[PDB]
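Encoded as structure tokens, the structure appears first; notes follow it.
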Protein chains: 2
Amino acid sequence: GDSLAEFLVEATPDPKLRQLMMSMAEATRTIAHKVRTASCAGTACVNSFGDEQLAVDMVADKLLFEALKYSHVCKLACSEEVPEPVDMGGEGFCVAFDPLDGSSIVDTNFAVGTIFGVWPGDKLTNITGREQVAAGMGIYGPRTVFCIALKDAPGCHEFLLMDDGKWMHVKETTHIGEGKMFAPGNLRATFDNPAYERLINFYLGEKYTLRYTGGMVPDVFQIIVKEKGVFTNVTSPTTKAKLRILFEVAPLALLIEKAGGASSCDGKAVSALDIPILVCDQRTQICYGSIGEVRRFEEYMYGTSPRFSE
Amino acid sequence: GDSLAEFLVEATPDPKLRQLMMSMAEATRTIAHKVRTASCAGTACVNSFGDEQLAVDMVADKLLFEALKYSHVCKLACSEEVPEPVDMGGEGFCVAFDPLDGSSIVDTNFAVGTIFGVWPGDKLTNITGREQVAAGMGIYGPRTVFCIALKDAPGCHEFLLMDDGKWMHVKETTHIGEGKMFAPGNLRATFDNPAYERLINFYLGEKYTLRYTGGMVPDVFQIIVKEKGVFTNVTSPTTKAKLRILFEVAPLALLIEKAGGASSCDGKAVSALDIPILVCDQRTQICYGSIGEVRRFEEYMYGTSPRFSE
């Protein structure tokens, strides 16, 4: 297909947003190289940033902050590790990111990833996921994938890192249909939550194929590629919420909904793009999937789906 | 650590076996490059092997046959795609391999892998998995890993593909202990196999963390890395077995039993290294895990563990 710079010129009329997306794709390429040659002798995984040997989750953090600084179009930046925004000396967008989302899977050479969401303005609080101008994730697997969506452009677009160091468009997703595949996150809640239990028993009883790796990036990315599936992460009386709206859930909600899917956040039967983000470290629960499978989620968990039921 | 060539000079005294492992490690390096730049734009994932242009599982197939031919120490070779052995014009070893395990997850950038087992002599039938002189798997993820074990050497060894194009020893596994992590393969058999259902309900009832990706290479490799876990694939009256002993189950059984684990193959509560391989396309069922978890598998499925109970 065609290149990323060529795609961006038609997706958005904002050249600042185009420079930002270019800087995120270059940082994704460098993180992909750092993970490739990471030394995990020590159960921890190390690589060198400049003159210091830290962990992969920290080399990615510093590489993403570096890319935002030198894009000159970033006002605020915030990482999941330190959930307090920081000024990057630019202006245009505010970017929040999870540097590497795969804590218990880097040593096992599983697919891991980076999540980032882009907000316009000067605030990372008192916003919603619908105010996002762009969102994306870089997936570090056998291939290196840059999966993005821009508000001013239709669909969710996947870019492949080629041998020459450039990005090439390889798939545009605009419809997520029906199928039997599920990723049950937080299954320990099938104990204090009878609605979640009955839902999981539906999946297990209808012969849904199981695909759960523990990392959110590949578990949600597979829905966009297969154009089918359900992801669920549900809280319980004894199990507390661990996903973040700013760094993880809200950006992924845009990638999923722009590809023809739906989300159900904070147990309030609305999209994750409509849940107010009051603090950066705000937690939540979520369901991702096709419209049909999200309807079933709300019917099982709440009684009815306000948006999609009959 | 130190290199693979240096490891091999100390692991086995047979210089021909060392050349074979080197040829398999070089083929693993080349396949890792082909998967990285695969164009899954069409209905499959394609790359180049010389002039003709094929799919990735076919590019891997021809690369391993080529590596075995030009190693000069291979008598018979056999691929999962055409389960009929072929003569490679050498003499020393017979190699059976699964070129790419996980073609159903390549478009979703999940981790995939190659499996191969190395047998002495001139026949790939009327053998057992214990007669293997070496077995290994190459894991294609964010990193590229060459995981092997040799009959004449203790333990299962991990090799990381370094920046210079060489392999470096990074982890030696010799003990697989106890923990709560499971990979439930063929979960559709929990309907007409009451023992499998009771077993799966035990796993879910003890709050085991779930990690099943669909590809066996990463699902079994995580047991070796975490030194914990269970993998199960159980047949039923309505669900038939799809795993192959020669290309998949027996080599992984050596990798699993080396490093401190155990296996329970077929319906016979014995090791997979002790199951006679009569035809190349022979199918089977398996359980991989720690000695404690394999004991529980045989107790739940058959009543008692002849090797580990009491």
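Numbering starts fresh at 1 for the residues of each chain in the structure tokens, the chains themselves are lettered A, B, ... in the order given, and ligands are numbered from 1 as they appear.
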
Over all C-alpha pairs taken in order, what is the RMSD once chain B has been least-squares superposed onto chain A?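 Rounded to one decimal, the C-alpha RMSD is 0.3 Å.
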
Taking only C-alpha atoms into account, which residues of chain A are within 8 Å of chain B, as an NGL selection string? :A and (32 or 35-41 or 107-112 or 139-145 or 160-163 or 170-171 or 187-188 or 204 or 207 or 210-214 or 218 or 221-222 or 225-226)

Among the residues of range 34-273 of chain A, find those DSSP assigns to alpha helix (DSSP H) from the backbone and print them as number ranges by chain. A: 34-36, 56-69, 194-205, 216-226, 250-257

File of the preceding selection, C-alpha atoms, as a compact mmCIF listing (two decimals), in the first residue's frame:
# COMPACT_ATOMS: atom_id res chain seq x y z
CA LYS A 34 15.05 -2.17 22.32
CA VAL A 35 12.73 -5.05 23.20
CA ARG A 36 14.18 -7.21 20.41
CA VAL A 56 12.45 -2.13 29.04
CA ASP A 57 9.38 -0.50 30.58
CA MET A 58 11.65 2.44 31.49
CA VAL A 59 13.56 2.65 28.20
CA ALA A 60 10.21 2.95 26.41
CA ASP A 61 9.07 5.66 28.84
CA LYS A 62 12.14 7.79 28.14
CA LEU A 63 11.95 7.14 24.40
CA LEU A 64 8.33 8.32 24.24
CA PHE A 65 9.02 11.41 26.34
CA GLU A 66 11.95 12.18 24.04
CA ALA A 67 9.74 11.88 20.95
CA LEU A 68 7.11 14.19 22.42
CA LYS A 69 9.69 16.81 23.39
CA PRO A 194 -22.81 -13.97 39.75
CA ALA A 195 -23.58 -11.95 36.61
CA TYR A 196 -20.00 -12.28 35.38
CA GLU A 197 -20.14 -15.98 36.27
CA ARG A 198 -23.26 -16.60 34.20
CA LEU A 199 -21.75 -14.62 31.31
CA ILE A 200 -18.53 -16.67 31.31
CA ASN A 201 -20.65 -19.83 31.52
CA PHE A 202 -22.47 -18.67 28.38
CA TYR A 203 -19.15 -18.30 26.56
CA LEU A 204 -17.94 -21.70 27.81
CA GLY A 205 -21.30 -23.27 26.93
CA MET A 216 -4.43 -5.87 26.89
CA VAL A 217 -2.81 -4.61 23.67
CA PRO A 218 -2.77 -7.96 21.80
CA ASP A 219 -6.03 -9.12 23.40
CA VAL A 220 -7.90 -6.10 21.97
CA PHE A 221 -5.86 -5.91 18.77
CA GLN A 222 -7.01 -9.42 17.82
CA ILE A 223 -10.62 -8.21 17.75
CA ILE A 224 -9.75 -5.57 15.14
CA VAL A 225 -7.85 -8.05 12.96
CA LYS A 226 -10.33 -10.93 13.18
CA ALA A 250 -10.15 5.41 26.56
CA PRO A 251 -7.52 5.31 23.76
CA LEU A 252 -8.34 1.68 22.97
CA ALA A 253 -12.05 2.52 22.95
CA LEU A 254 -11.49 4.90 20.02
CA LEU A 255 -9.50 2.28 18.08
CA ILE A 256 -12.29 -0.26 18.64
CA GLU A 257 -15.29 1.98 18.00

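Candidate residues A:166, A:83, A:43, A:154 were compared for distance to residue 6 in chain A, and the nearest is A:166, using only C-alpha atoms.
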
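Put simply, CA of residue 272 in chain A is 6.5 Å away from CA of residue 129 in chain A.
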